[PDB]
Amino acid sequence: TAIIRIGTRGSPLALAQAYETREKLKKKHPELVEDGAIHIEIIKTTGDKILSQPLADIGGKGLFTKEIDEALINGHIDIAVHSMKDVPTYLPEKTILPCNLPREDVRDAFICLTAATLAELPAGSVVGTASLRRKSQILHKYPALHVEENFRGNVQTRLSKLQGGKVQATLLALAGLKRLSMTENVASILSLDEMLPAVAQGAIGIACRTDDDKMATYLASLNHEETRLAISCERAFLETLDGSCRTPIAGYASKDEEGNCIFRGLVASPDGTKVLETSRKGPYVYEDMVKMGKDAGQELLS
């Protein structure tokens, strides 16, 4: 019998995230060091199945989370580890998400065998990405490139497609390559001025049941409030815009050297021809940050 059953997707990256969580828990609570104390429960989700078409062409909520949320709500697992960018803006009834691990680098990596940067790609070169956020920002700056949207799969599947010449280049979160120790695949890193990240990129979230005080106490030892606050700001922005992984929206909150919250958000047309950016600054305090993301979102709306 385990003290903690951790639910996760079964890709190498999702297991990397679950093992980071295990390592951090063991350091604060040494009873979890024993093999037996922690059980990792690999759960298949619908997003693991529907891989043959672009993400913006797949309906429904919670493609990468629903089966894990159901395992948590019903007591099959005790905590659930997610990539925060894949968590719906509405949390499942009966669960809370009180913990984010320290955020990784939020920037996108450019992955290419022949060119160092987007600008070095020949006209007509094909960039694979199923993200409208990434497609819109690429085509805004590089209208002569072609984006292949039917570009899907786990990190290593996308790297395999690139090696097999299915596209000329792709983009991946630098966070995931770091967590997989596969950063030698990076050709260059895109700056925040070239590519604003998906809401909550680089953050791992951990959920538990609302009524589970034991788990909430373990998670309180892992939570990094500076990260959780930034993600709550970006998610307020996303929620206002009714955004998801299928919408061309980006947003990034962080704490500056004076201790304020600096937020930058954008919405773009999928063809890249129009982009609206907003930026806000304010205290690094939950209610102010959530209101800031909401206000920013309302101003991208009106």
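Counting begins at 1, following the sequence as shown.
* Mean C-alpha B-factor comparison - 260-268 and 29-37, higher one -> According to the entry, 29-37 carries the higher average C-alpha B-factor.
* **Which of 100-108 and 185-193 has higher mean CA B factor, as the PDB entry lists it** => Mean C-alpha B-factor is greater for 185-193.
* To do: Quick one: which of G153, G164, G75, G202 shows the highest Cα temperature factor in the PDB entry?
  => Of the options given, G164 has the highest CA B-factor in the PDB entry.
* Pick out which of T89, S131, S160, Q168 has the highest C-alpha B-factor in the PDB entry. => The C-alpha B-factor peaks, among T89, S131, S160, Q168, at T89.
* To do: Would you check the entry's CA temperature factor for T65 and let me know if it's in the chain's lowest, middle or highest third?
  => According to the entry, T65 has a C-alpha B-factor in the chain's lowest third.
* **CA B-factor placement of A253, once the chain's modelled residues are sorted into thirds** => For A253, the deposited C-alpha B-factor lands in the lowest third.
* C-alpha B factor of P12, ranked within the chain: lowest, middle or highest third? -> It falls in the bottom third of the chain.
* Asked: Can you tell me which third, lowest, middle or highest, the CA B-factor of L51 falls into for its chain?
  -> Tercile = highest for this residue's CA B-factor.
* Asked: Among the modelled residues of its chain, does the C-alpha B-factor of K141 lie in the lowest, middle or highest third?
  -> Top third by C-alpha B-factor.
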